[PDB]
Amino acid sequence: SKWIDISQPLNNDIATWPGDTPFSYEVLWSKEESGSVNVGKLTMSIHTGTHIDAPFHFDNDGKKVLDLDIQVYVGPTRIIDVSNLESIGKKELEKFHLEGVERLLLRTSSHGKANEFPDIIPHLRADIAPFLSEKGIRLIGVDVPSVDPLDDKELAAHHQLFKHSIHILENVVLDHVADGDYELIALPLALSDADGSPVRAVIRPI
């Protein structure tokens, strides 16, 4: 079975958090100019497109990207539909059979426009974290830019998730994939000091 891309295309039209570094890929020096190669430059916010958060993003004493365990970001994953819900917590996830699940992707289908930043999204409620952690879930992914409300300064979901050893993947693209079981790859770059990393998230049906 083929790997399926669930990442947002990265280009100058992609949205960012309000005021954050705009995405920029540019050819600084062309093959015609250099006589051999197109020399590029990439400038971006960490939290652009499909990406993972490190605890340092919301906790000054939290792990940086390179400290994160790579095993978390590769392996069996379950994908479920949680569309048409203002927020997702224990109550909403109790209806799913999640025994033995290690990684969980949530399709909210709430936004899905990579080149616009949403005004509101469905967030995850804090009680989701003990619930998921008890099941053995080590990674949660969402198809929106955040696990907390866009205007929230407390970031209760970010904090509680990492308190329970649950890692965070944001802006996956899931409208073209069915619910069910897959193998996931969503590896951070080896960034020694960073608060997160863009990733190429892909999945393969089991």
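Each residue number is its position in the shown sequence, starting from 1.
J.: Can you let me know which of the two, 134-142 or 39-47, has the higher average C-alpha B-factor in the entry?
T.: In the deposited entry, the stretch with the higher C-alpha B-factor mean is 134-142.
J.: So which stretch wins on mean C-alpha B-factor, 184-192 or 21-29?
T.: According to the PDB entry, the answer is 21-29.
J.: Using the temperature factors of the C-alpha atoms in this entry, rank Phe56 within its chain: lowest, middle or highest third.
T.: According to the entry, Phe56 has a C-alpha B-factor in the chain's lowest third.
J.: Going by the recorded CA B-factors, say which third of the chain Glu170 sits in, lowest, middle or highest.
T.: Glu170: CA B-factor falls in the lowest third of its chain.
J.: Which third, lowest, middle or highest, does the C-alpha temperature factor of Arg204 belong to within its own chain?
T.: CA B-factor rank for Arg204: middle third.
J.: Lowest, middle or highest third of the chain for the C-alpha temperature factor of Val65?
T.: Lowest third of the chain for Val65's C-alpha B-factor.
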